[PDB]
Each structure stands twice: as C-alpha cells, then as structure tokens.
Amino acid sequence: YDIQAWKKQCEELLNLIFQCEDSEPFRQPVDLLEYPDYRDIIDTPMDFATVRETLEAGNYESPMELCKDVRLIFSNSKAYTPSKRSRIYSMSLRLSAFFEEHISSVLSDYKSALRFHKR
Ligand SMILES: Cc1noc(N)c1C
C-alpha cells in the first residue's frame, strides 16, 4: 500500500529501456535536420530523455501521467512511418510490448494503494 513506490519502479524501468537496442531512435528528440517536415505531421513530440527529466524534476503526480507520455512516443512513431514494415516503426512495436508488460504491475499497485488510502 506504498503510494510513493511507483517513482523508483519507473526509474528502474526507464534504465532497462535505455539498455535495450530498440530504444536507440527514441532516446532524444527527433532531429528536424534529418526529418524536416516532422512538425507538419506530429503536434506533440516526446522521447525517453524528456520522460526521465520530467520524472526526476518531480513533475509527474502519478504513473498514469508517465504512461500517457510513453504511449505518445509510440503513437508518434506509428503516425510518422511510411510503412508498417519500416525499421524504426518495427523497433517501436517490440519496445511498446516490453513497456506494457512491465508497466501493468506498477499501475495496478499504485491504484490499489490509493484505494486503500481512501478506504
Ligand atoms: C523519425 C521517426 N520517428 O518514428 C518513425 N517511425 C520515424 C521514421
């Protein structure tokens, strides 16, 4: 029933994501010099360094807000791909499966703890 435990759990999950070779395209903001019409297609850029900085600054209140920003990394990649068979989009689908597998217990434990706090 620890209401604060999600934050270190998310720190540890982000460390595992940075070690994954599949995170390479997503570790820093998309480079506009490489992809000059990126902002014609994507309204809200997001990347894993921005998620980690937001967590370490104390600017997430819950693991649901961190999960919304990580899901936006993967939705942006789907929207910007020219094909469902592309290399950067194929790395985004494997990394999304790994993330969803690990975030599920973090969300459940936090939501259970808040329900106990409010009982
Ligand atoms: C850049 C970039 N971001 O996502 C994809 N799918 C590409 C290409």
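Along the sequence shown, residues carry numbers from 1. Keep in mind that the numbers below use all heavy atoms, side chains included, and drop hydrogens, waters and symmetry copies. For ligands, and for the atoms within them, numbers begin at 1 and follow the listed sequence.
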Report task. Show the numbers, then the answer: is there a side chain to side chain contact (heavy atoms under 4.5 Å, CB included) between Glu100 and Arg71? Result -> CA-CA 9 Å; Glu100 291 297 329; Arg71 288 169 177 170; 2.8 Å; yes
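- For ligand 1, the atoms lying closer than 4.0 Å to a non-hydrogen atom of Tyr35 are 1 (C).
- The contact set between ligand 1 and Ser77, taken as ligand atoms under 4.0 Å from a residue heavy atom, comprises 4 (O), 5 (C), 6 (N).
- Ranking the protein heavy atoms by distance from atom 2 (C) of ligand 1 puts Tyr80 CD2, 3.8 Å first.
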Query raised in the report: After noting the C-alpha distance and the side-chain angles of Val30 and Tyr80, does the key distance pass the side chain to side chain contact (heavy atoms under 4.5 Å, CB included) rule?
Result: CA-CA 11 Å; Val30 172; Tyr80 197 69; 6.0 Å; no
Requested in this report: Go through the steps for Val51 and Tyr60 under the test side chain to side chain contact (heavy atoms under 4.5 Å, CB included), then give the verdict.
Outcome: CA-CA 9 Å; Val51 172; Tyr60 289 128; 3.7 Å; yes
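- Distance check, rounded to the nearest 0.5 Å: NZ of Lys111 to OG of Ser62 gives 8.5 Å.
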